[PDB]
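> So here's query01.txt, just compact mmCIF, N, CA and C atoms and all ligand atoms:
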# COMPACT_ATOMS: atom_id res chain seq x y z
N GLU A 2 0.83 -1.20 0.00
CA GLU A 2 0.00 0.00 0.00
C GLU A 2 0.87 1.25 0.00
N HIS A 3 0.61 2.17 -0.92
CA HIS A 3 1.46 3.36 -1.08
C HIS A 3 0.87 4.51 -0.25
N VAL A 4 1.16 4.51 1.05
CA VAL A 4 0.74 5.59 1.96
C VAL A 4 1.91 5.94 2.87
N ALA A 5 2.21 7.24 3.06
CA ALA A 5 3.33 7.65 3.92
C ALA A 5 2.87 7.98 5.34
N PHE A 6 3.70 7.57 6.32
CA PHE A 6 3.53 7.98 7.72
C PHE A 6 3.44 9.51 7.83
N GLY A 7 2.46 9.99 8.61
CA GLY A 7 2.29 11.42 8.81
C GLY A 7 1.58 12.17 7.71
N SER A 8 1.08 11.50 6.68
CA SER A 8 0.42 12.22 5.60
C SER A 8 -0.86 12.88 6.10
N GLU A 9 -1.16 14.07 5.57
CA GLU A 9 -2.18 14.94 6.16
C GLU A 9 -3.61 14.42 6.01
N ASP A 10 -3.74 13.44 4.84
CA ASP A 10 -5.05 12.85 4.60
C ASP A 10 -5.13 11.39 5.03
N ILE A 11 -4.24 10.95 5.93
CA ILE A 11 -4.07 9.52 6.19
C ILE A 11 -5.39 8.86 6.61
N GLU A 12 -6.22 9.59 7.38
CA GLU A 12 -7.48 9.00 7.83
C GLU A 12 -8.44 8.73 6.67
N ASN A 13 -8.39 9.52 5.59
CA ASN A 13 -9.22 9.24 4.40
C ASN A 13 -8.71 8.00 3.66
N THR A 14 -7.39 7.88 3.49
CA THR A 14 -6.86 6.75 2.75
C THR A 14 -7.05 5.45 3.50
N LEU A 15 -6.85 5.45 4.81
CA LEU A 15 -6.97 4.22 5.58
C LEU A 15 -8.41 3.87 5.89
N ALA A 16 -9.33 4.81 5.65
CA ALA A 16 -10.69 4.72 6.18
C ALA A 16 -11.31 3.42 5.72
N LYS A 17 -11.88 2.69 6.68
CA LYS A 17 -12.55 1.42 6.44
C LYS A 17 -11.66 0.36 5.77
N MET A 18 -10.32 0.55 5.76
CA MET A 18 -9.40 -0.45 5.21
C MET A 18 -9.60 -1.74 5.99
N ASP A 19 -9.63 -2.87 5.27
CA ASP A 19 -9.77 -4.15 5.94
C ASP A 19 -8.42 -4.60 6.50
N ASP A 20 -8.43 -5.71 7.24
CA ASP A 20 -7.22 -6.16 7.91
C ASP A 20 -6.10 -6.43 6.89
N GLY A 21 -6.44 -7.11 5.79
CA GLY A 21 -5.42 -7.45 4.80
C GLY A 21 -4.83 -6.24 4.13
N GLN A 22 -5.65 -5.21 3.89
CA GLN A 22 -5.11 -3.99 3.29
C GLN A 22 -4.14 -3.31 4.25
N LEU A 23 -4.47 -3.31 5.54
CA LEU A 23 -3.61 -2.64 6.51
C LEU A 23 -2.23 -3.29 6.61
N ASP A 24 -2.17 -4.62 6.44
CA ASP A 24 -0.91 -5.34 6.48
C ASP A 24 0.06 -4.92 5.39
N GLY A 25 -0.40 -4.24 4.34
CA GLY A 25 0.47 -3.74 3.31
C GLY A 25 1.14 -2.40 3.57
N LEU A 26 0.96 -1.77 4.74
CA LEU A 26 1.54 -0.45 4.98
C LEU A 26 3.01 -0.57 5.42
N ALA A 27 3.79 0.49 5.19
CA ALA A 27 5.21 0.51 5.54
C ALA A 27 5.46 0.78 7.02
N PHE A 28 4.43 1.16 7.77
CA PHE A 28 4.54 1.54 9.18
C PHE A 28 3.49 0.76 9.98
N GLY A 29 3.70 0.72 11.30
CA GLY A 29 2.74 0.07 12.20
C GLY A 29 1.45 0.88 12.27
N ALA A 30 0.32 0.17 12.28
CA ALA A 30 -0.99 0.81 12.41
C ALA A 30 -1.86 -0.03 13.32
N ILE A 31 -2.45 0.66 14.30
CA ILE A 31 -3.39 0.08 15.26
C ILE A 31 -4.64 0.93 15.19
N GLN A 32 -5.82 0.31 15.25
CA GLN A 32 -7.07 1.05 15.43
C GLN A 32 -7.67 0.69 16.78
N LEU A 33 -7.97 1.71 17.60
CA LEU A 33 -8.53 1.58 18.95
C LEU A 33 -9.94 2.16 18.98
N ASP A 34 -10.80 1.59 19.83
CA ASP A 34 -12.03 2.30 20.19
C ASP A 34 -11.73 3.39 21.24
N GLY A 35 -12.76 4.13 21.67
CA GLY A 35 -12.55 5.23 22.60
C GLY A 35 -12.07 4.81 23.97
N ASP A 36 -12.26 3.54 24.31
CA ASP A 36 -11.80 3.00 25.57
C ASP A 36 -10.39 2.43 25.48
N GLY A 37 -9.79 2.40 24.29
CA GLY A 37 -8.48 1.80 24.09
C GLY A 37 -8.47 0.33 23.70
N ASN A 38 -9.63 -0.28 23.44
CA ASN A 38 -9.65 -1.68 22.99
C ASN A 38 -9.18 -1.77 21.55
N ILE A 39 -8.43 -2.81 21.25
CA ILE A 39 -7.78 -2.94 19.94
C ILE A 39 -8.78 -3.54 18.94
N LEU A 40 -9.08 -2.79 17.88
CA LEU A 40 -9.95 -3.23 16.79
C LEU A 40 -9.20 -3.81 15.60
N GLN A 41 -8.02 -3.25 15.28
CA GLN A 41 -7.15 -3.67 14.17
C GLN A 41 -5.71 -3.50 14.62
N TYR A 42 -4.83 -4.32 14.04
CA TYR A 42 -3.40 -4.29 14.41
C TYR A 42 -2.64 -4.95 13.26
N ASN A 43 -1.76 -4.21 12.58
CA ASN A 43 -1.23 -4.72 11.32
C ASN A 43 0.09 -5.47 11.50
N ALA A 44 0.54 -6.08 10.39
CA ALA A 44 1.74 -6.93 10.43
C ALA A 44 2.99 -6.11 10.73
N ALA A 45 3.09 -4.89 10.17
CA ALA A 45 4.26 -4.06 10.40
C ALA A 45 4.40 -3.73 11.89
N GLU A 46 3.27 -3.48 12.58
CA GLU A 46 3.34 -3.23 14.03
C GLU A 46 3.84 -4.47 14.76
N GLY A 47 3.30 -5.66 14.42
CA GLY A 47 3.74 -6.91 15.04
C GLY A 47 5.22 -7.14 14.84
N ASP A 48 5.75 -6.73 13.69
CA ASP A 48 7.18 -6.93 13.48
C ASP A 48 8.00 -5.99 14.35
N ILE A 49 7.54 -4.75 14.54
CA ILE A 49 8.26 -3.81 15.42
C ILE A 49 8.19 -4.27 16.88
N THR A 50 7.02 -4.70 17.33
CA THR A 50 6.80 -4.85 18.77
C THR A 50 6.95 -6.28 19.26
N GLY A 51 6.89 -7.26 18.36
CA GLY A 51 6.88 -8.65 18.73
C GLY A 51 5.52 -9.21 19.05
N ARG A 52 4.49 -8.37 19.21
CA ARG A 52 3.18 -8.91 19.53
C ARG A 52 2.58 -9.60 18.32
N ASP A 53 1.71 -10.57 18.61
CA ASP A 53 1.05 -11.35 17.57
C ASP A 53 -0.23 -10.62 17.15
N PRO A 54 -0.32 -10.11 15.92
CA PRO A 54 -1.46 -9.26 15.53
C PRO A 54 -2.79 -9.95 15.70
N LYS A 55 -2.82 -11.28 15.61
CA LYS A 55 -4.11 -11.94 15.77
C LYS A 55 -4.54 -12.00 17.23
N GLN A 56 -3.60 -12.16 18.16
CA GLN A 56 -3.95 -12.36 19.56
C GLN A 56 -4.30 -11.08 20.30
N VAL A 57 -3.79 -9.92 19.87
CA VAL A 57 -4.02 -8.68 20.60
C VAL A 57 -5.40 -8.06 20.30
N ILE A 58 -6.04 -8.43 19.18
CA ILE A 58 -7.37 -7.90 18.88
C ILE A 58 -8.29 -8.18 20.05
N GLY A 59 -9.04 -7.17 20.49
CA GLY A 59 -9.95 -7.31 21.61
C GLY A 59 -9.34 -7.03 22.97
N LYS A 60 -8.01 -6.98 23.09
CA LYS A 60 -7.37 -6.62 24.36
C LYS A 60 -7.39 -5.11 24.51
N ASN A 61 -7.24 -4.65 25.76
CA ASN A 61 -7.14 -3.21 26.00
C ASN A 61 -5.68 -2.77 25.89
N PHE A 62 -5.43 -1.83 24.99
CA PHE A 62 -4.05 -1.39 24.73
C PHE A 62 -3.40 -0.83 25.99
N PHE A 63 -4.11 0.03 26.73
CA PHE A 63 -3.50 0.73 27.86
C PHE A 63 -3.47 -0.10 29.14
N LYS A 64 -4.47 -0.97 29.36
CA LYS A 64 -4.46 -1.79 30.57
C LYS A 64 -3.58 -3.01 30.40
N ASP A 65 -3.72 -3.72 29.27
CA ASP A 65 -3.19 -5.07 29.11
C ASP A 65 -1.91 -5.10 28.26
N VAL A 66 -1.96 -4.60 27.03
CA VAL A 66 -0.90 -4.85 26.05
C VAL A 66 0.29 -3.93 26.28
N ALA A 67 0.03 -2.68 26.64
CA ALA A 67 1.04 -1.61 26.57
C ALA A 67 1.03 -0.76 27.84
N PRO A 68 1.28 -1.37 29.01
CA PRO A 68 1.28 -0.58 30.28
C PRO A 68 2.31 0.55 30.26
N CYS A 69 3.39 0.41 29.48
CA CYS A 69 4.38 1.49 29.45
C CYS A 69 3.82 2.77 28.81
N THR A 70 2.69 2.69 28.09
CA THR A 70 2.03 3.84 27.49
C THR A 70 0.93 4.40 28.37
N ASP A 71 0.66 3.76 29.51
CA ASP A 71 -0.31 4.24 30.50
C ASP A 71 0.38 5.34 31.32
N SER A 72 0.36 6.56 30.77
CA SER A 72 1.10 7.71 31.29
C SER A 72 0.45 8.97 30.71
N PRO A 73 0.71 10.16 31.31
CA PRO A 73 0.14 11.38 30.72
C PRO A 73 0.58 11.62 29.29
N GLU A 74 1.80 11.20 28.96
CA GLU A 74 2.41 11.53 27.68
C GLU A 74 1.87 10.71 26.52
N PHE A 75 1.17 9.61 26.78
CA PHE A 75 0.65 8.79 25.69
C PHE A 75 -0.85 8.60 25.93
N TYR A 76 -1.22 7.73 26.88
CA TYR A 76 -2.64 7.54 27.24
C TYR A 76 -3.35 8.85 27.60
N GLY A 77 -2.68 9.75 28.34
CA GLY A 77 -3.35 10.99 28.68
C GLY A 77 -3.74 11.80 27.46
N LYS A 78 -2.86 11.84 26.45
CA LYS A 78 -3.16 12.54 25.20
C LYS A 78 -4.28 11.82 24.45
N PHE A 79 -4.24 10.48 24.43
CA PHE A 79 -5.30 9.70 23.79
C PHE A 79 -6.67 10.02 24.39
N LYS A 80 -6.79 9.93 25.71
CA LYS A 80 -8.12 10.11 26.30
C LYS A 80 -8.62 11.54 26.17
N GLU A 81 -7.71 12.53 26.25
CA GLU A 81 -8.08 13.91 25.95
C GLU A 81 -8.72 14.00 24.58
N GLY A 82 -8.08 13.40 23.57
CA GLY A 82 -8.61 13.48 22.22
C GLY A 82 -9.93 12.74 22.07
N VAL A 83 -10.07 11.59 22.70
CA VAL A 83 -11.35 10.89 22.66
C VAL A 83 -12.45 11.78 23.25
N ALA A 84 -12.15 12.43 24.37
CA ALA A 84 -13.14 13.26 25.05
C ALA A 84 -13.52 14.45 24.20
N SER A 85 -12.54 15.08 23.54
CA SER A 85 -12.81 16.24 22.70
C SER A 85 -13.35 15.87 21.33
N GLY A 86 -13.26 14.60 20.95
CA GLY A 86 -13.69 14.20 19.63
C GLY A 86 -12.79 14.66 18.50
N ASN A 87 -11.57 15.09 18.81
CA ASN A 87 -10.56 15.28 17.79
C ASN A 87 -9.21 14.97 18.41
N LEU A 88 -8.32 14.47 17.57
CA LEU A 88 -7.03 13.93 18.01
C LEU A 88 -6.11 13.97 16.81
N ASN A 89 -4.99 14.67 16.96
CA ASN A 89 -3.96 14.66 15.92
C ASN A 89 -2.66 15.09 16.58
N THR A 90 -1.90 14.12 17.09
CA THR A 90 -0.68 14.41 17.84
C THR A 90 0.43 13.44 17.43
N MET A 91 1.65 13.95 17.33
CA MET A 91 2.80 13.13 16.93
C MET A 91 3.92 13.40 17.92
N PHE A 92 4.55 12.35 18.44
CA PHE A 92 5.58 12.48 19.47
C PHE A 92 6.45 11.24 19.42
N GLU A 93 7.61 11.33 20.06
CA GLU A 93 8.48 10.17 20.20
C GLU A 93 8.24 9.48 21.55
N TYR A 94 8.49 8.18 21.59
CA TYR A 94 8.18 7.41 22.81
C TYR A 94 9.08 6.18 22.83
N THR A 95 9.30 5.64 24.03
CA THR A 95 10.09 4.40 24.17
C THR A 95 9.23 3.27 24.70
N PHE A 96 9.27 2.14 24.00
CA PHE A 96 8.57 0.93 24.42
C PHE A 96 9.57 0.05 25.14
N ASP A 97 9.27 -0.34 26.39
CA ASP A 97 10.23 -1.10 27.19
C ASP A 97 9.58 -2.11 28.11
N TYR A 98 8.39 -2.59 27.78
CA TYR A 98 7.69 -3.57 28.62
C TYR A 98 8.06 -5.02 28.28
N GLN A 99 7.88 -5.44 27.03
CA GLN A 99 8.17 -6.83 26.67
C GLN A 99 9.48 -7.01 25.89
N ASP A 100 10.33 -5.99 25.83
CA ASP A 100 11.60 -6.06 25.11
C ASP A 100 12.52 -4.98 25.63
N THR A 101 13.76 -5.00 25.12
CA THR A 101 14.73 -3.94 25.32
C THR A 101 14.11 -2.62 24.87
N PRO A 102 14.48 -1.51 25.50
CA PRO A 102 13.85 -0.23 25.12
C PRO A 102 14.03 0.01 23.63
N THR A 103 12.92 0.35 22.96
CA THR A 103 12.86 0.60 21.51
C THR A 103 12.20 1.95 21.27
N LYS A 104 12.91 2.84 20.60
CA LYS A 104 12.41 4.19 20.38
C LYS A 104 11.65 4.28 19.07
N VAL A 105 10.49 4.92 19.12
CA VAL A 105 9.62 5.05 17.96
C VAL A 105 9.08 6.47 17.89
N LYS A 106 8.54 6.80 16.72
CA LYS A 106 7.67 7.95 16.53
C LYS A 106 6.23 7.45 16.45
N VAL A 107 5.35 8.12 17.18
CA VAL A 107 3.94 7.76 17.28
C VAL A 107 3.13 8.92 16.72
N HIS A 108 2.12 8.57 15.94
CA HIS A 108 1.13 9.53 15.44
C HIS A 108 -0.25 9.01 15.76
N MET A 109 -0.98 9.72 16.61
CA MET A 109 -2.36 9.35 16.94
C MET A 109 -3.30 10.30 16.23
N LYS A 110 -4.29 9.75 15.56
CA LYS A 110 -5.19 10.58 14.78
C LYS A 110 -6.58 9.96 14.80
N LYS A 111 -7.60 10.79 15.07
CA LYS A 111 -8.96 10.27 15.06
C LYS A 111 -9.30 9.73 13.67
N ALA A 112 -9.96 8.58 13.63
CA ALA A 112 -10.41 7.99 12.37
C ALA A 112 -11.66 8.71 11.86
N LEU A 113 -11.88 8.63 10.54
CA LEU A 113 -12.67 9.68 9.88
C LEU A 113 -14.14 9.65 10.31
N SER A 114 -14.75 8.48 10.34
CA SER A 114 -16.14 8.41 10.75
C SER A 114 -16.28 7.50 11.97
N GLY A 115 -17.40 7.64 12.66
CA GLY A 115 -17.59 6.93 13.91
C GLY A 115 -16.84 7.61 15.05
N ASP A 116 -16.42 6.78 16.01
CA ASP A 116 -15.62 7.19 17.16
C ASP A 116 -14.48 6.16 17.35
N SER A 117 -13.60 6.06 16.35
CA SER A 117 -12.43 5.19 16.34
C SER A 117 -11.18 6.06 16.18
N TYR A 118 -10.03 5.48 16.52
CA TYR A 118 -8.80 6.25 16.64
C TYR A 118 -7.64 5.41 16.15
N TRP A 119 -6.76 6.03 15.38
CA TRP A 119 -5.55 5.38 14.88
C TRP A 119 -4.36 5.68 15.77
N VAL A 120 -3.50 4.66 15.94
CA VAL A 120 -2.16 4.82 16.51
C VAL A 120 -1.20 4.28 15.46
N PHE A 121 -0.39 5.17 14.90
CA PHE A 121 0.62 4.83 13.90
C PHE A 121 2.02 4.87 14.51
N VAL A 122 2.90 3.95 14.10
CA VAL A 122 4.22 3.80 14.73
C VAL A 122 5.27 3.52 13.68
N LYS A 123 6.43 4.17 13.82
CA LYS A 123 7.59 3.78 13.01
C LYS A 123 8.84 3.90 13.87
N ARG A 124 9.90 3.18 13.48
CA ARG A 124 11.17 3.27 14.18
C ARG A 124 11.82 4.62 13.93
N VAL A 125 12.58 5.07 14.92
CA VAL A 125 13.47 6.24 14.78
C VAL A 125 14.90 5.96 15.22
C1 LIG B 201 4.79 -0.40 26.51
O1 LIG B 201 4.29 -1.19 27.36
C2 LIG B 201 4.49 -0.44 25.07
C3 LIG B 201 3.95 -1.54 24.56
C4 LIG B 201 3.46 -1.74 23.17
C5 LIG B 201 3.52 -0.68 22.25
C6 LIG B 201 3.00 -0.87 20.97
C7 LIG B 201 2.38 -2.07 20.62
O2 LIG B 201 1.89 -2.23 19.37
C8 LIG B 201 2.30 -3.14 21.56
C9 LIG B 201 2.84 -2.95 22.82
What is this structure when it is put down as structure tokens?
Ligand SMILES: *C(=O)/C=C/c1ccc(O)cc1

Amino acid sequence: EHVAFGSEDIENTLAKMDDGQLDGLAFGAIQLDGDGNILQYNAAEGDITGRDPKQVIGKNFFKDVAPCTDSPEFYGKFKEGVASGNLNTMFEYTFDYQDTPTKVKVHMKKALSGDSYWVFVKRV
């Protein structure tokens, strides 16, 4: 899939993409509901993080899968955006729960229709 990380229309291009289409992206992509439950999780993310994309669907990202992101700097920004109904933030972060610390760039952006939210990830 020919889509770049951080592109200004990314929510339109990814919108309603099925699981197989998402696996073709060059960067990690997760779709969360407003509570942080995982709706979609692509192959590129599983390769970065080691998690199995099939097993994490339905788990809570902030409680279960990613406690290192349960902080003001990640989860706090997510819940603020869910509450306001808009979200578009990009920052660097370190994942250090199930592996050696790994630095990434994260882009969280509200998905175009409904009340769903994207978390995009690439290595830095
Ligand atoms: C810290 O606990 C981060 C964990 C994590 C980040 C991203 C993922 O896709 C899965 C786990």
> Within 7 Å of ligand LIG 201 (chain B) (counting only C-alpha atoms and all ligand atoms), which residues show up? I'd like them as a list in words.
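Answer in the requested format: residues 46, 47, 50, 52, 66, 67, 68, 69, 70, 96, 97, 98 and 99 of chain A.
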> Using only C-alpha atoms, which of the listed residues (A:84, A:118, A:108, A:22) sits closest to residue 6 in chain A?
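For residue 6 in chain A, the nearest of the given residues is A:108.
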> For the atom pair CA of residue 92 in chain A and atom N of residue 107 in chain A, what is the interatomic distance in Å to one decimal place?
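Result for CA of residue 92 in chain A versus atom N of residue 107 in chain A: 4.9 Å, one decimal.
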> With DSSP run on the backbone, what are the helix (DSSP H, G or I) residues within chain A? I'd like them as JSON, numbers by chain.
{"A": [11, 12, 13, 14, 15, 20, 21, 22, 23, 44, 45, 46, 47, 48, 49, 50, 54, 55, 56, 57, 62, 63, 64, 65, 66, 68, 69, 70, 73, 74, 75, 76, 77, 78, 79, 80, 81, 82, 83, 84, 85]}
> Store the residues of this selection in a file with N, CA and C atoms, as a short mmCIF file (atom, residue, chain, number, x, y, z; two decimals), in the coordinates of the input.

data_model
loop_
_atom_site.label_atom_id
_atom_site.label_comp_id
_atom_site.auth_asym_id
_atom_site.auth_seq_id
_atom_site.Cartn_x
_atom_site.Cartn_y
_atom_site.Cartn_z
N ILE A 11 -4.24 10.95 5.93
CA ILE A 11 -4.07 9.52 6.19
C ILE A 11 -5.39 8.86 6.61
N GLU A 12 -6.22 9.59 7.38
CA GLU A 12 -7.48 9.00 7.83
C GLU A 12 -8.44 8.73 6.67
N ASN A 13 -8.39 9.52 5.59
CA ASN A 13 -9.22 9.24 4.40
C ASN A 13 -8.71 8.00 3.66
N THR A 14 -7.39 7.88 3.49
CA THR A 14 -6.86 6.75 2.75
C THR A 14 -7.05 5.45 3.50
N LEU A 15 -6.85 5.45 4.81
CA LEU A 15 -6.97 4.22 5.58
C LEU A 15 -8.41 3.87 5.89
N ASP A 20 -8.43 -5.71 7.24
CA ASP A 20 -7.22 -6.16 7.91
C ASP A 20 -6.10 -6.43 6.89
N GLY A 21 -6.44 -7.11 5.79
CA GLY A 21 -5.42 -7.45 4.80
C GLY A 21 -4.83 -6.24 4.13
N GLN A 22 -5.65 -5.21 3.89
CA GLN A 22 -5.11 -3.99 3.29
C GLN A 22 -4.14 -3.31 4.25
N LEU A 23 -4.47 -3.31 5.54
CA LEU A 23 -3.61 -2.64 6.51
C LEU A 23 -2.23 -3.29 6.61
N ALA A 44 0.54 -6.08 10.39
CA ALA A 44 1.74 -6.93 10.43
C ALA A 44 2.99 -6.11 10.73
N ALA A 45 3.09 -4.89 10.17
CA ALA A 45 4.26 -4.06 10.40
C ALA A 45 4.40 -3.73 11.89
N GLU A 46 3.27 -3.48 12.58
CA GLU A 46 3.34 -3.23 14.03
C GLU A 46 3.84 -4.47 14.76
N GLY A 47 3.30 -5.66 14.42
CA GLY A 47 3.74 -6.91 15.04
C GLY A 47 5.22 -7.14 14.84
N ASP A 48 5.75 -6.73 13.69
CA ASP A 48 7.18 -6.93 13.48
C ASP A 48 8.00 -5.99 14.35
N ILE A 49 7.54 -4.75 14.54
CA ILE A 49 8.26 -3.81 15.42
C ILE A 49 8.19 -4.27 16.88
N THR A 50 7.02 -4.70 17.33
CA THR A 50 6.80 -4.85 18.77
C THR A 50 6.95 -6.28 19.26
N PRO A 54 -0.32 -10.11 15.92
CA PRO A 54 -1.46 -9.26 15.53
C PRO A 54 -2.79 -9.95 15.70
N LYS A 55 -2.82 -11.28 15.61
CA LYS A 55 -4.11 -11.94 15.77
C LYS A 55 -4.54 -12.00 17.23
N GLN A 56 -3.60 -12.16 18.16
CA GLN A 56 -3.95 -12.36 19.56
C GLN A 56 -4.30 -11.08 20.30
N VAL A 57 -3.79 -9.92 19.87
CA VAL A 57 -4.02 -8.68 20.60
C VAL A 57 -5.40 -8.06 20.30
N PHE A 62 -5.43 -1.83 24.99
CA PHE A 62 -4.05 -1.39 24.73
C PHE A 62 -3.40 -0.83 25.99
N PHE A 63 -4.11 0.03 26.73
CA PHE A 63 -3.50 0.73 27.86
C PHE A 63 -3.47 -0.10 29.14
N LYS A 64 -4.47 -0.97 29.36
CA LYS A 64 -4.46 -1.79 30.57
C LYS A 64 -3.58 -3.01 30.40
N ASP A 65 -3.72 -3.72 29.27
CA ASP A 65 -3.19 -5.07 29.11
C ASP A 65 -1.91 -5.10 28.26
N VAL A 66 -1.96 -4.60 27.03
CA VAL A 66 -0.90 -4.85 26.05
C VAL A 66 0.29 -3.93 26.28
N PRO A 68 1.28 -1.37 29.01
CA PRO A 68 1.28 -0.58 30.28
C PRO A 68 2.31 0.55 30.26
N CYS A 69 3.39 0.41 29.48
CA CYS A 69 4.38 1.49 29.45
C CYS A 69 3.82 2.77 28.81
N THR A 70 2.69 2.69 28.09
CA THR A 70 2.03 3.84 27.49
C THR A 70 0.93 4.40 28.37
N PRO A 73 0.71 10.16 31.31
CA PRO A 73 0.14 11.38 30.72
C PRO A 73 0.58 11.62 29.29
N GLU A 74 1.80 11.20 28.96
CA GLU A 74 2.41 11.53 27.68
C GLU A 74 1.87 10.71 26.52
N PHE A 75 1.17 9.61 26.78
CA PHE A 75 0.65 8.79 25.69
C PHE A 75 -0.85 8.60 25.93
N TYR A 76 -1.22 7.73 26.88
CA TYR A 76 -2.64 7.54 27.24
C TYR A 76 -3.35 8.85 27.60
N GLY A 77 -2.68 9.75 28.34
CA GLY A 77 -3.35 10.99 28.68
C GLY A 77 -3.74 11.80 27.46
N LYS A 78 -2.86 11.84 26.45
CA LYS A 78 -3.16 12.54 25.20
C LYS A 78 -4.28 11.82 24.45
N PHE A 79 -4.24 10.48 24.43
CA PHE A 79 -5.30 9.70 23.79
C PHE A 79 -6.67 10.02 24.39
N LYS A 80 -6.79 9.93 25.71
CA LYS A 80 -8.12 10.11 26.30
C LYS A 80 -8.62 11.54 26.17
N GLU A 81 -7.71 12.53 26.25
CA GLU A 81 -8.08 13.91 25.95
C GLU A 81 -8.72 14.00 24.58
N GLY A 82 -8.08 13.40 23.57
CA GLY A 82 -8.61 13.48 22.22
C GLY A 82 -9.93 12.74 22.07
N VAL A 83 -10.07 11.59 22.70
CA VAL A 83 -11.35 10.89 22.66
C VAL A 83 -12.45 11.78 23.25
N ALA A 84 -12.15 12.43 24.37
CA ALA A 84 -13.14 13.26 25.05
C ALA A 84 -13.52 14.45 24.20
N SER A 85 -12.54 15.08 23.54
CA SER A 85 -12.81 16.24 22.70
C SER A 85 -13.35 15.87 21.33
#
> Please define a box with edges along x, y and z of the file around all atoms of range 10-23 of chain A given in the file, extend it by 6 Å on each side, and return its centre and edge lengths in Å to one decimal, as JSON.

{"center_x": -7.4, "center_y": 3.0, "center_z": 5.3, "size_x": 22.3, "size_y": 32.9, "size_z": 17.2}
> Skipping near chain neighbours, those fewer than 2 positions away, what residues fall within 12 Å of residue 71 in chain A using only C-alpha atoms, listed as a JSON list (two decimals) with N, CA and C atoms, keeping the file's coordinate frame?

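So out-v3.json came out as:
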[["chain", "number", "residue", "atom", "x", "y", "z"],
["A", 37, "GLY", "N", -9.79, 2.40, 24.29],
["A", 37, "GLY", "CA", -8.48, 1.80, 24.09],
["A", 37, "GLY", "C", -8.47, 0.33, 23.70],
["A", 61, "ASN", "N", -7.24, -4.65, 25.76],
["A", 61, "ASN", "CA", -7.14, -3.21, 26.00],
["A", 61, "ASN", "C", -5.68, -2.77, 25.89],
["A", 62, "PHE", "N", -5.43, -1.83, 24.99],
["A", 62, "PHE", "CA", -4.05, -1.39, 24.73],
["A", 62, "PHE", "C", -3.40, -0.83, 25.99],
["A", 63, "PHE", "N", -4.11, 0.03, 26.73],
["A", 63, "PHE", "CA", -3.50, 0.73, 27.86],
["A", 63, "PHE", "C", -3.47, -0.10, 29.14],
["A", 64, "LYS", "N", -4.47, -0.97, 29.36],
["A", 64, "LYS", "CA", -4.46, -1.79, 30.57],
["A", 64, "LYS", "C", -3.58, -3.01, 30.40],
["A", 65, "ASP", "N", -3.72, -3.72, 29.27],
["A", 65, "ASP", "CA", -3.19, -5.07, 29.11],
["A", 65, "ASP", "C", -1.91, -5.10, 28.26],
["A", 66, "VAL", "N", -1.96, -4.60, 27.03],
["A", 66, "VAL", "CA", -0.90, -4.85, 26.05],
["A", 66, "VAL", "C", 0.29, -3.93, 26.28],
["A", 67, "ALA", "N", 0.03, -2.68, 26.64],
["A", 67, "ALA", "CA", 1.04, -1.61, 26.57],
["A", 67, "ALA", "C", 1.03, -0.76, 27.84],
["A", 68, "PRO", "N", 1.28, -1.37, 29.01],
["A", 68, "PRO", "CA", 1.28, -0.58, 30.28],
["A", 68, "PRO", "C", 2.31, 0.55, 30.26],
["A", 69, "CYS", "N", 3.39, 0.41, 29.48],
["A", 69, "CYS", "CA", 4.38, 1.49, 29.45],
["A", 69, "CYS", "C", 3.82, 2.77, 28.81],
["A", 73, "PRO", "N", 0.71, 10.16, 31.31],
["A", 73, "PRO", "CA", 0.14, 11.38, 30.72],
["A", 73, "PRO", "C", 0.58, 11.62, 29.29],
["A", 74, "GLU", "N", 1.80, 11.20, 28.96],
["A", 74, "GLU", "CA", 2.41, 11.53, 27.68],
["A", 74, "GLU", "C", 1.87, 10.71, 26.52],
["A", 75, "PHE", "N", 1.17, 9.61, 26.78],
["A", 75, "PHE", "CA", 0.65, 8.79, 25.69],
["A", 75, "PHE", "C", -0.85, 8.60, 25.93],
["A", 76, "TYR", "N", -1.22, 7.73, 26.88],
["A", 76, "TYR", "CA", -2.64, 7.54, 27.24],
["A", 76, "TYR", "C", -3.35, 8.85, 27.60],
["A", 77, "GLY", "N", -2.68, 9.75, 28.34],
["A", 77, "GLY", "CA", -3.35, 10.99, 28.68],
["A", 77, "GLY", "C", -3.74, 11.80, 27.46],
["A", 78, "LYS", "N", -2.86, 11.84, 26.45],
["A", 78, "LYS", "CA", -3.16, 12.54, 25.20],
["A", 78, "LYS", "C", -4.28, 11.82, 24.45],
["A", 79, "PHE", "N", -4.24, 10.48, 24.43],
["A", 79, "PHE", "CA", -5.30, 9.70, 23.79],
["A", 79, "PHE", "C", -6.67, 10.02, 24.39],
["A", 80, "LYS", "N", -6.79, 9.93, 25.71],
["A", 80, "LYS", "CA", -8.12, 10.11, 26.30],
["A", 80, "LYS", "C", -8.62, 11.54, 26.17],
["A", 94, "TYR", "N", 8.49, 8.18, 21.59],
["A", 94, "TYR", "CA", 8.18, 7.41, 22.81],
["A", 94, "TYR", "C", 9.08, 6.18, 22.83],
["A", 96, "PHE", "N", 9.27, 2.14, 24.00],
["A", 96, "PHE", "CA", 8.57, 0.93, 24.42],
["A", 96, "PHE", "C", 9.57, 0.05, 25.14],
["A", 98, "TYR", "N", 8.39, -2.59, 27.78],
["A", 98, "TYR", "CA", 7.69, -3.57, 28.62],
["A", 98, "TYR", "C", 8.06, -5.02, 28.28]]
> Which one is closest to residue 42 in chain A: A:2, A:81, A:12, A:20? Count only C-alpha atoms.
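Smallest separation from residue 42 in chain A among the options: A:20.
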> Could you work out how far atom N of residue 16 in chain A lies from atom C of residue 109 in chain A, giving the answer in Å with one decimal?
13.4 Å
> Please identify all polymer residues within 8 Å of residue 23 in chain A, counting all atoms listed in the file, omitting same-chain residues fewer than 5 positions from it, and present them as a list in words.
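Returned residues: residues 2, 15, 18, 28, 29, 30, 42, 43, 44 and 45 of chain A.
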> Could you jot down the CA of residue 57 in chain A to CA of residue 115 in chain A separation for me, Å, one decimal place?
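CA of residue 115 in chain A lies at a distance of 21.7 Å from CA of residue 57 in chain A.
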> If you run DSSP on the backbone, which residues of range 23-117 of chain A are strand (DSSP E), as number ranges by chain?
A: 29-34, 39-42, 89-96, 103-111, 117
